[PDB]
Amino acid sequence: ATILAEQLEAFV
Amino acid sequence: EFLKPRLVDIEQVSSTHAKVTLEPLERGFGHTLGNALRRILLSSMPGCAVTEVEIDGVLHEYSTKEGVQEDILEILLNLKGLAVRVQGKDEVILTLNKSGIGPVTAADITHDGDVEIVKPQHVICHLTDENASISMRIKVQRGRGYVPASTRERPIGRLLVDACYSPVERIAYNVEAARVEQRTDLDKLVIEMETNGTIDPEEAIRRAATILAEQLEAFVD
Amino acid sequence: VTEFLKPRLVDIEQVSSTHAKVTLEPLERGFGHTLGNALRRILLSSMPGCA
Amino acid sequence: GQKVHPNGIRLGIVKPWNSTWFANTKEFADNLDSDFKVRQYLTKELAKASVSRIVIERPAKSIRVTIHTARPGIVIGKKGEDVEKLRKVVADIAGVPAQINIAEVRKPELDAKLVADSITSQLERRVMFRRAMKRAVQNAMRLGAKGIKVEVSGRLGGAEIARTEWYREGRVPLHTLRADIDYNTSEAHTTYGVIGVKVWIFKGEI
Amino acid sequence: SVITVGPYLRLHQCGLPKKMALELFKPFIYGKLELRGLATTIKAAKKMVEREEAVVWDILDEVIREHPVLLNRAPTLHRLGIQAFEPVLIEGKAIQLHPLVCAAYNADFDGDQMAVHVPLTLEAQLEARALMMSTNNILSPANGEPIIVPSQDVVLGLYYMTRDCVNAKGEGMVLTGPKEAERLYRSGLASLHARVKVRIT
Amino acid sequence: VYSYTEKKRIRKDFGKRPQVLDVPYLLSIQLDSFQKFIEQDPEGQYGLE
Amino acid sequence: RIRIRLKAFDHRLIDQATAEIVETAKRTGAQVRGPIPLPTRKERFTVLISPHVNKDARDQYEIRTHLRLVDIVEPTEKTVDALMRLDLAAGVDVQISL
Amino acid sequence: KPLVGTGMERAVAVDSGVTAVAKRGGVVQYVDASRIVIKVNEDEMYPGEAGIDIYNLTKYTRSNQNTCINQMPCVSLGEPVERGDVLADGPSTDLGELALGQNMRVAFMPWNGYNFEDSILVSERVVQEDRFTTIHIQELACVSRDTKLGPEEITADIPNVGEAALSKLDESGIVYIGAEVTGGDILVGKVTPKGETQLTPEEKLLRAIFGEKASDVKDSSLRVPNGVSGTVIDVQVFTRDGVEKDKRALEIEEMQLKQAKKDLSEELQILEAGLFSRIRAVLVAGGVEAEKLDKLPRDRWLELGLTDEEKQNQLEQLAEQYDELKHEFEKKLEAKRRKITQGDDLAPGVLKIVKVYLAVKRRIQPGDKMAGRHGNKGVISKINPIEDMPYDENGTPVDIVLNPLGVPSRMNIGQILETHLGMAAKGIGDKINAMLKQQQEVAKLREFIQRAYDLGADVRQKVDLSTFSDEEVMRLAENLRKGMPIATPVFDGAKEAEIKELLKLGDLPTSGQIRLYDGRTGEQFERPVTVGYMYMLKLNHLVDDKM
Amino acid sequence: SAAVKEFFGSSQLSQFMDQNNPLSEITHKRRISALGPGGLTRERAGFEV
Ligand SMILES: [Mg+2]
């Protein structure tokens, strides 16, 4: 979950 | 040290649909973010569809009005397919008045200060006499998903249509190889959406990523 | 309109040792598959390590 | 010589008005008297329909009439035709276009006006008010009202003097401004003068 | 009502709609409602389930639990055409029936209908669980052959799964267990039919 | 040439054998029999006659 | 420059009613010169509560008529054309001052 | 419509009696959802009885199987029609063809067990489009019989009913045309089951002011049961003669008097308009008055300057027709007032019959029965979301996932050829939609439509678009953009090579099989699967009629 | 009137039309039934007929 959340911090 | 996706190019190739582009991505994340954002965009996006219609001289939706060559039921289907944007309200009431021989297009609605029709050539019905006029009130509201009439009207003059609060139609991702970065084994995620005009594409991909990162909040720090 | 059913791990029934069984609820009529598929594909490869 | 109106003093915190518009000083009387005849004629037109309250909302150059009833069908009358007959004459009375609208109450045993005119229909009949006003009390106690006081006055029972009787069941905190109270009046004309009825129905908080 | 599949179920349980469940179990719901203290007289309970308030569905999931029902295909020829299941409540109007059990009922899904019966008394609940339960009927009484034989989709899934081809992804590689065999099939590094030395225990 | 509602949406047609007798009026048993029944014609020929 | 003068009775409604024209003017002009307070008249009345003698018993009644200003600055067509239709405010008498 | 038909649809549609076939051809004058007016051409027209025809369509009414036999007008205004031609489509018709069910995107693959024996698995895209949402109509009757202690009461003067109980009836008991009712409300109020109710001093006091002896003997209003929703669309009230008509029966009598009055007056006005158009058509020649014709009132167009010819003879014959219409209108309006005003002979000892038509709209749900046209039955088993559907490398989800295993045992191999030819038809339709959405001129549309209509061996069709004149081709492409209909006669049908050559005209794969991705996993199904369009029918063995 | 009304009213061949489809009308009117008066039933018929 940390990997998948760090792969979305350039959108939200 | 995973490479992070950043939006690079938003090719608005037509008025309805666009092709957003993510770059760069490590191998495996292409199909993961592609299927994930496809499933979020098709599942739950805020649309702006219609809920209630009140034609003036019509009691129930199975009747017929003198001077229009379609039934009231067909007028309800044609209003169910209405593609409309609202800006600063929860729900809104649009007013329609039209008199004379010919079509009643979707541009004959008296627009408010924030409601915006995105396809004004949309036909509703056809008036077919010199003094035979429709005059209706339309109720358009926000929502999410598909809320039918059977789940959710107090006078006998309201007419409830089904509510398809869903702006997108067809989301297709196509992963492909990346060469912009000298480093190989990187991927590009190209998502061609298919909107009906009520949702900006970068706003759609931003709301989808916000929904998914809200779902992973249950077990992330 | 952006308010969903925020879920949680109601229990971690870790069966025996080197083996767990983590159940999450409640999700939308379609989000169980997208979180299962996302976590399944990431754990399979992305997750680093030494061997 | 006491007990100021319950529906009188709650009108800034609990219950709204029954005419919500703004008109300036030149046309304030013109707006008000026109409201008085659309309340007179409509209650006269819909006496038996069991209408409790009427809301009059004028957004200027227009009037939204709202009718709160326990009999929805009789108010609509003839699938709209009755309302269209009103539409021609309600606009004729107030001299302004009228957008007639209809509301409804599900429980007439909890609405004060609907309790009061019931006893009016009873006592114009030769029924025993003692078990006619007891009837209305036991009605509201099991229909969800936290408390109800019913008062009748006049020379009831054909007596010479004006025997007055009141009866309650449950909480009725008249002084408490937080306490919502549904109160209305009705009067009955028998051959023994006029018998007025007053009923209070308490529900709850803000 | 009309039957339909529902393949998530086990052979011991079947899907049963909420509307049929609230109609067949009216006295048990009445007894449960009178036990809690929500209402008083029987009339009040019949008004509550006539209105179908928010609290009778928890009452219904209390009475359905551990109470078998007799499903019955309309031309019952042998004793495997009346079998007892445990209900699982269904949003819908169709009985969801576990697929393997269909080969006992001679029930396809081309418009078939089945009847549900409720064992009222306590000896009948125990007879439905201990004699007529669907886990107890796994051999046909006419012979020794199993009647919960996997019928049509599942044998195609197995026959495509356990087979082989002379070249695929991962031909002739060696695997330290069946767990990484499924891990190689899921990640996309081998094929479902590719001959391989494994180490099985 | 085609009728005007056959220029709305002309159905693509495969088929090889050129037809020679079109499909008759499909309700001719009922209508022809009952026209034979009730029709002013004596010589003891019509149904009632 | 283009003033919009609000008039109402329900002060708990006018702050949302001005907010309904704030959002109608925010998306169009993007510059609105605030919801100015504008003091309220308190028309005071007194009434002999009795239908007869005893001029000691009276009841006092008042009507707080609340005012506001919106004051659209720019003469952009966006604002007027949008707000020409959407002014909302039922029971809330609205007026322009320009 | 059927994308893959046999060309036999027009015989079954026209040669039945559900469509409104034109009797004499001509020019349409007034289209409406109620009526259609044809002006008859002059080379088809009688000399007398001037003549413009009126087709009164049959709107929403009850069939025998509780379906909804509707007629919709399918012609525009100003449009020419020929003798022997459809004007109004009926139930399950479209432009004069025969459209029983609807054509949907089907794929043959096993999908996670939910189509195990014969079951069908349907996307939510099907139910969102409101495309199987059938409309049913139920007739509910209520008679006012004649028993002992007196006759019955239909009036709404009733005790016990706590106002919310009905909240639908007017002052005279009958429900409303336009009222959406639930399962178990009151439609017609009838105080009738009368056993015995206890009377107290206060109930005895009713004799004084009200006058009623005891309020009959008991108190209970005939309330109706549950299971069905609906919307009351039509109320009939029949009265045995002698009985007092109440206020709503007089409302229906005034309503039907007004309707029949307006209808016969419009018969006279419309046929008088056709007669005056005939007078204008005759007086073009032979003593024409270009300015003097519209100075005088229109009913005197006979005494103008014209000798004894065929034209004054024709104006005398039209005067005969006009006076016949006048006296005929008088006597027929008197007879129609007699038919509305009179009573009706009825059952022994009944006062009045109230019939109410509920109009339920039943959509689709797990448990209905759908089937194709080859014997592939099935209970629809799960109504999936949109996302879970197997999509292809374009983006479009498939609508229905059948089961392949029903094909080699139940030997109906025709459904797979129907599937491939339906995909060919939709490929041609998608190419027309692509060539028209880009706003292309009519030359490229003419090119592609001509190539799609030649395409075969020695065939019967042999059309050419060089005699359609650049406006019909745009409207023909407006009708072909949702797919191109293809006829395939029974034993002389389209062979395999013709289906392959038509799948080659569109850019579809030759074998008919597209590779399909998965919706859940997002990863490809091995061994590419068969998709296409099958024309599937909803059968009326529903599940909320058996449960 | 009793004879002709009994035949058109309740016979074994004067049957209720299934109105739910144009096809069902036009194929119920074209029906060659072997049953009725002067025929057999479902119990009498064997395999030949
Ligand atoms: Mg079967």
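Residues numbered from 1 in each chain as written, not as in the entry; some residues may be left out. Chains lettered and ligands numbered in written order. Part of a larger assembly, values for the part shown. Heavy atoms only, no water. Residues with missing side-chain atoms left out of burial classes, pairs and counts.

1. With respect to the overall build of chain F
Looking only at helices and strands, one finds 1 helix and 1 strand in chain F. Seen through its C-alpha atoms, chain F measures out along the principal axes to roughly 50 × 25 × 15 Å. (Helix = DSSP H or I, 4+ residues; strand = E, 2+ residues; numbered from the N terminus.)

2. Some details on the coordination of the magnesium ion
Taken together, the protein ligands of the magnesium ion are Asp108(E) (OD), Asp112(E) (OD) and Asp112(E) (OD), with distances of 2.1 to 2.8 Å. Among the residues examined, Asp108(E) registers a relative accessible area of 17% and is labelled buried. (Donors = N, O, S within 2.8 Å, 3.2 Å for Na, K, Ca; no water. Buried < 20%, exposed > 50% of the residue type's maximum accessible area, 1.4 Å probe, protein only.)

3. Here we look at the side chain of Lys7(F)
Take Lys7(F): it is sitting in the segment before strand 1 (12–13). Among buried charged residues, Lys7(F) stands out as having no salt bridge; its nearest opposite-charge side chain is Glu472(H), 4.0 Å away. In this view, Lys7(F) contacts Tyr2(F), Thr467(H), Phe468(H), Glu472(H), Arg475(H) and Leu476(H); residues no more than four positions away in its chain are not counted. (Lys, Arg positive; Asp, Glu negative; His and termini not counted. Salt bridge = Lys/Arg side-chain N within 4 Å of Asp/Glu carboxyl O. Contact = heavy atoms within 4.5 Å.)

4. Considerations on helix 2 (residues 26–36) of chain E
Residue and element names in this part refer to chain E. Taken together, the buried positions of helix 2 are occupied by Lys 26, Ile 29, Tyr 30 and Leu 33. Seen from one end, helix 2 has its buried residues packed into an arc of 105°, which puts them on one side. The outward face of helix 2, more than 90 degrees from its buried face, is lined by the exposed residues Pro 27 and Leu 35. Considering only its buried residues, helix 2 is in contact with helix 1 (18–24), helix 3 (42–51) and helix 4 (56–63). Directly after helix 2, the chain includes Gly 37, whose backbone phi takes a positive value near 110°. (Arc of directions from axis to C-beta.)

5. Description of the packing of aromatic side chains
Under the criterion given, the structure shown has 14 aromatic pairs over all chains. Measuring from ring centre to ring centre gives 6.0 Å for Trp21(D) and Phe28(D), while their planes differ by 75°; the resulting arrangement is edge-to-face. Judged by relative accessible area, which is 32%, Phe28(D) ranks as partly exposed. Their ring planes at 85° and their centres at 5.2 Å tell us that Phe22(D) and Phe9(G) sit as a pair that is edge-to-face. With one member in each of two chains, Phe22(D) in the segment before helix 1 (28–45) and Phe9(G) in the loop between strand 1 (4–8) and helix 1 (11–26) form a pair that bridges those chains. Following the ring pairs from residue to residue traces out a cluster consisting of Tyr173(B), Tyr391(H) and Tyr517(H). Directly above the aromatic system of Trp166(D) lies the positively charged group of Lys149(D), at a separation of 5.1 Å from the ring centroid. Sitting above the plane of the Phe14(F) ring, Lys12(F) keeps its charged end 3.8 Å from the centroid. (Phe/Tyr/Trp six-rings, centres within 6.5 Å; stacked < 30°, edge-to-face > 60°. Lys NZ or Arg CZ within 6 Å of the ring centre and 35° of its normal.)

6. A closer look at a positive patch on the surface
A cluster of basic residues, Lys332(H), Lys336(H), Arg338(H) and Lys339(H), forms a positive patch on the protein surface. The partly exposed category is assigned to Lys332(H), whose relative accessible area is 45%. (Patch = residues over 30% accessible without salt bridge, like charges linked within 9 Å, V, L, I, M, F, W, Y side chains within 5 Å. Areas by Shrake-Rupley, 256 points an atom, 1.4 Å probe, with all protein chains shown as cover. Charge placed at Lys NZ, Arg CZ, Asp CG, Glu CD.)

7. Section: a nonpolar patch on the surface
Residues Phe34(F), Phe37(F), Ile38(F), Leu48(F), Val4(I), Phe7(I) and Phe8(I) make up a contiguous nonpolar surface patch of roughly 720 Å² in combined accessible area. If you list the elements that add at least two residues to the nonpolar patch, you get helix 1 (28–37) of chain F together with helix 1 (2–9) of chain I. Among the elements that line the nonpolar patch, the one with the most residues is helix 1 of chain I, at 3 residues. Relative to the elements of secondary structure, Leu48(F) occurs in the segment after helix 1.

8. Thoughts on the interface of chain F and chain H
Taken residue by residue, the interface counts 22 residues in chain F and 48 residues in chain H. The contact between chain F and chain H buries some 3,400 Å² in all, and 53% of this surface belongs to carbon and sulfur atoms. Taken as a group, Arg9(F), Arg11(F) and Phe14(F) account for 29% of the area that chain F buries against chain H, more than any other trio of residues on that side. Remark: the boundary between chain F and chain H carries 6 salt bridges. Linking chain F with chain H are 19 residue pairs in polar contact. Taken together, the residues that form the side of chain F that touches chain H break down as 10 nonpolar, 4 polar and 8 charged. Pairing analysis gives 2 bridges linking strand 1 of chain F to strand 22 (residues 486–487) of chain H, with the strands arranged parallel. Each bridged residue has a counterpart across the sheet, and for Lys12(F) the counterpart in strand 22 of chain H is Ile486(H). (Buried area = accessible area lost by both parts, 1.4 Å probe. Polar contact = N/O pair within 3.5 Å; in protein donor to acceptor, adjacent residues only side chain to side chain. Nonpolar A, V, L, I, M, F, W, Y, C, P; charged D, E, K, R; others polar. Pairing = 2+ DSSP bridges.)

9. Let's talk about the sheet that holds strand 3 (residues 58–69) of chain G
Residues and elements named next belong to chain G. The strand order across the open sheet formed by 4 strands is 2-3-1-4, and the pairing between neighbours is antiparallel. Unpaired on one side and paired on the other, strand 2 (41–48) and strand 4 (93–96) mark the two borders of the sheet. Going across the sheet, the axis of each strand differs from the next one's by a mean of 20°, ignoring polarity. Packed onto the sheet, helix 1 meets strand 1 and strand 3 and runs at close to 10° relative to strand 3. (Axes fitted to C-alpha atoms, helices over the stretch in contact; angles between N-to-C directions.)

10. Quick word on the interface of chain H and chain D
Opposite the 21 residues of chain H that make contact, chain D presents 19 residues. Of all elements in the fold, only helix 3 (201–204), helix 4 (206–209) and helix 5 (247–282) of chain H reach the threshold of two or more residues within the side of chain H that touches chain D. The element best represented in the side of chain H that touches chain D is helix 5 of chain H, accounting for 4 residues. A per-class count over the side of chain H that touches chain D returns 12 nonpolar, 2 polar and 7 charged.

11. With respect to the pattern of salt bridges
Inspection of every chain in the model, using the stated rule, returns 70 salt bridges over all chains. With a closest N to O distance of 3.4 Å, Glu202(B) and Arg206(B) form a salt bridge. Taken together, the residues span about one helical turn, with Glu202(B) and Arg206(B) both in helix 3 (residues 201–215) at a distance of 4 residues. Across the pair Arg11(F) and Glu97(H) runs a salt bridge, and its minimum N-O distance is 2.8 Å.

12. Quick look at the side chain of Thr19(H)
Residue and element names in this part refer to chain H. Along the polypeptide, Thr 19 turns up in the loop between helix 1 (9–14) and strand 2 (26–31). Overall, the relative accessible area of 12% leaves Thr 19 in the buried class. Polar contacts involving the side chain of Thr 19 include one to the main-chain carbonyl oxygen of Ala 88, which spans 2.8 Å. Beyond its immediate sequence surroundings of up to four residues, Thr 19 is in contact with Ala 13, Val 14, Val 86, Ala 88 and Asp 89.

13. Here's the deal with the domain arrangement of chain H
Residue and element names in this part refer to chain H. Domain boundaries assigned for chain H yield domain 1 (1–17 + 93–132 + 363–546), domain 2 (18–92), domain 3 (133–243 + 344–362) and domain 4 (244–343). Summarising the inter-unit geometry, the C-alpha centres of domain 1 and domain 3 are found 50 Å apart. In this complex, domain 1 contributes 9 residues to the contact, which on the side of domain 3 involves 5 residues. Regarding the contact of domain 1 and domain 3, the summed buried area is about 540 Å², with carbon and sulfur atoms giving 46% of it. Of all residues in domain 1, the largest losses of buried area upon contact with domain 3 belong to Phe 132, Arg 363 and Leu 542, amounting jointly to 59% of the total for that side. Where domain 1 meets domain 3, there are 2 salt bridges. On inspection of domain 1 and its partner domain 3, the count reaches 2 residue pairs in polar contact. For the side of domain 1 that touches domain 3, a count of residues per class yields 3 nonpolar, no polar and 6 charged. (Domains from an automatic or database assignment.)

14. Describing the packing of helix 4 (residues 112–124) of chain D against helix 5 (residues 129–141) of chain D
All names here are of chain D. Where helix 4 contacts helix 5, the axes come no closer than 10 Å and their chain directions differ by 160°. In terms of their interaxial angle, helix 4 and helix 5 are classed as roughly antiparallel. Read as a crossing pair, helix 4 and helix 5 show a hand that is right-handed. Only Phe 129, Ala 132, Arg 135 and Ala 136 of helix 5 make contact with helix 4, whose side of the interface consists of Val 115, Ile 119, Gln 122 and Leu 123. For the contact of helix 4 with helix 5, the per-class residue count stands at 6 nonpolar, 1 polar and 1 charged. (Parallel < 35°, antiparallel > 145°, perpendicular 65-115°, else oblique. Left-handed = near helix turned anticlockwise from the far one by under 90°.)

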